[PDB]
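J.: Would you be able to build a 3D model of this:
(2 chains, ligands or ions: 2)
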Amino acid sequence: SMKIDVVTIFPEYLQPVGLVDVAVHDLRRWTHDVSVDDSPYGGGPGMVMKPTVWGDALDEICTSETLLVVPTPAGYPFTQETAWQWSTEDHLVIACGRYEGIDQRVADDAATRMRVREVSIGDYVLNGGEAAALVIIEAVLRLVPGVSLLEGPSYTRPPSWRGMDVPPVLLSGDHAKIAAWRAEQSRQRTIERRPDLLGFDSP
Amino acid sequence: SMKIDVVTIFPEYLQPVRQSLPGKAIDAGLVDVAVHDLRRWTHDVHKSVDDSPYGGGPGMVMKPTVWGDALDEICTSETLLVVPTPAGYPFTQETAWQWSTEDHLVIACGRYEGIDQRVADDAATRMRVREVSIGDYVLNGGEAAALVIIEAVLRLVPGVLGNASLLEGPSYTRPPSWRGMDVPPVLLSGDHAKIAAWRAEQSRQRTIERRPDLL
Ligand SMILES: N#Cc1ccccc1Cn1ccc2ccc(-c3cc(N)[nH]n3)cc21
Ligand SMILES: N#Cc1ccccc1Cn1ccc2ccc(-c3cc(N)[nH]n3)cc21
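T.: Residues are numbered from 1 along each chain as shown, chains lettered A, B, ... in the order given. Ligands and ions are numbered 1, 2, ... in the order given. Next up is the structure itself:
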């Protein structure tokens, strides 16, 4: 059983979402004035989300058992290992930022009462945490109980299509030769596309 | 001026993209994102898009015949065909910059255990094809990857999304004190050379702790 709460100023973006419940919360519901952001101390472009509104939202939503997940380009890497680790958690809260990010004290304050993970889902920049939340939720939930090397190419019928043949070994019924061909394809694809996974220099 | 076509058996998954597009960019003809149900190109009454893998194994593989027809209709020789896959080349910020000046992206979203490899291989004989991974984790299908790619690319196209190496360090804003934590005094010092040096050291420390691979 897992509960996931997602906090965002764009709850609509999360629409693409019994052993797991997912709830989406509008951050603005915790404002009192009739502004969630302000200019950065020390200068710089763009705006930063104020800690005040976040603190009130997280106070209500989180407990000491919560794993608070904060997407950010500056985070620790979120990998399949991370997804395995989080798949056995009772409660994930995903705090989705916008603008140029969230005041650091939100995470620092939260870490005084719960576990906090600032994470990056890849080396590119999004406009906010929502797309990262969808990625994290998908990668985690498919591993929940009750639900290295790159994969090689896959094929299905027909055996010949547009004059292109399925590799004959896959039609041979020889499990050992198929196992070996697939292993070779995987290691070949890994060296070509992700040499770092095998301990070699990146392009 | 960019056209993006997304092909998927879950067209509603792409709803957040069409939502996050400012009307001004659309009416200025800067961008157009269209989403297509793959089942429109199925051949049978059961609208089949998958079939068992040659060589055996778990799960299912998406049929080449259906994808071939869809891409034939949607793509041209000028198309950059983007195919998300856990086994792809890494999609990075550099990739996003490169793709941001393309006239036509087509994103082919797979499900099940992926798409028959002949689809990409056939397409590559008449257009540019890019099999890409967005990170080292496994999704259920290509749609969340398409969302990430579209957002990372379109935020680099001037005026499209409303937005205007070492890791970035921490950021702070009002109030100067909150739950017992003060904003680092240096940021309020008005010594802008010192602030830059402080920020640089924060970046260096954070990169060491979180991403030593970058050093
Ligand atoms: N933060 C930040 C930030 C900093 C500088 C420029 C733009 C942004 C946008 N942004 C605001 C919230 C937020 C959340 C997560 C991502 C994110 C994660 C990955 N892996 N890429 N992008 C980005 C986010
Ligand atoms: N392919 C495949 C596959 C292979 C084995 C197990 C599960 C899947 C699921 N799947 C089907 C389509 C598809 C597309 C993109 C991703 C994807 C990309 C990143 N960076 N992670 N996951 C996954 C996709």
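
J.: Touching, residue A:190 and residue A:150? I think so.
T.: Yes. Look at residue A:190 against residue A:150 with CB atoms under 8 Å: they come within range, at 4.6 Å. C-beta here means a position set from N, CA and C on the backbone, and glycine is covered the same way.

J.: Please enumerate the shared neighbours of those two.
T.: Residues touching both residue A:190 and residue A:150 (CB atoms under 8 Å, 6 or more residues apart in numbering or on different chains): residue A:197.

J.: buried stuff in stretch A:15-30?
T.: A:16, A:22, A:24, A:25, A:27, A:30 (16 or more other CB atoms under 10 Å in any protein chain shown).

J.: same for chain B: which of these are within range?
T.: Filtering those for proximity to chain B by CB under 8 Å from any CB of the partner chain leaves residue A:16.

J.: Of the buried residues of stretch A:15-30, which pair is most distant in space?
T.: Spanning the widest gap among the buried residues of stretch A:15-30 are A:16 and A:30, at 24.0 Å by CB to CB.

J.: So is the longest helix along chain A next to ligand 2?
T.: In terms of residue count, the longest helix belonging to chain A (DSSP state H) is helix A:175-193. No. Shown here: helix A:175-193 not in contact with ligand 2 (CB under 6 Å from any ligand atom), separated by at least 11.7 Å.

J.: for that helix, which positions count as buried?
T.: Residues A:178, A:181, A:182, A:185, A:186, A:189, A:190, A:193 are the ones in helix A:175-193 that count as buried (16+ other CB under 10 Å).

J.: same thing with stretch A:25-44?
T.: Those would be A:25, A:27, A:30, A:31, A:36, A:37, A:38, A:40, A:41, A:42, for stretch A:25-44 by 16+ other CB under 10 Å.

J.: nearest residue to residue A:109 other than its sequence neighbours?
T.: Excluding the flanking residues, the one nearest residue A:109 by CB to CB, 6 or more residues apart in numbering or on different chains is residue B:179, at 5.0 Å.

J.: thinking that neighbour is in contact with residue A:55, fair?
T.: Yes. Between residue B:179 and residue A:55 a contact is recorded at 6.5 Å, counting by CB under 8 Å.

J.: between these two, what contacts are shared?
T.: Taking CB under 8 Å, 6+ apart as the criterion, residue B:179 and residue A:55 both touch residue A:109.

J.: mind exporting the strand ranked longest in chain A as CSV, just the C-alpha atoms?
T.: For chain A, the strand reaching the highest residue count under DSSP state E is reported as strand A:67-77. Only the C-alpha atoms of strand A:67-77 are listed here, as CSV (Å, rounded to 0.1, in the frame of the first residue of the first chain):
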residue,chain,number,x,y,z
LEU,A,67,9.6,10.7,2.1
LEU,A,68,9.6,14.2,0.6
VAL,A,69,10.7,14.2,-3.0
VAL,A,70,11.7,17.5,-4.6
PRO,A,71,12.5,17.5,-8.3
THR,A,72,15.3,20.0,-9.3
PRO,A,73,17.9,20.1,-12.0
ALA,A,74,20.4,20.3,-9.2
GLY,A,75,19.3,17.1,-7.4
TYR,A,76,20.8,13.7,-6.8
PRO,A,77,20.2,11.5,-9.8
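
J.: That strand pairs with which strands, and in what direction?
T.: strand A:91-95 (parallel), strand A:115-120 (parallel) (DSSP bridges).

J.: for the spatially most central residue of chain A, helix, strand, or coil?
T.: With distances taken as CA atoms, centre = their mean, residue A:136 lies nearest the centre of chain A, 2.7 Å away. With DSSP: H, G, I helix; E, B strand; the rest coil as the basis, residue A:136 sits in helix.

J.: What residues does it make contact with?
T.: A:69, A:71, A:78, A:83, A:86, A:94, A:119, A:121.
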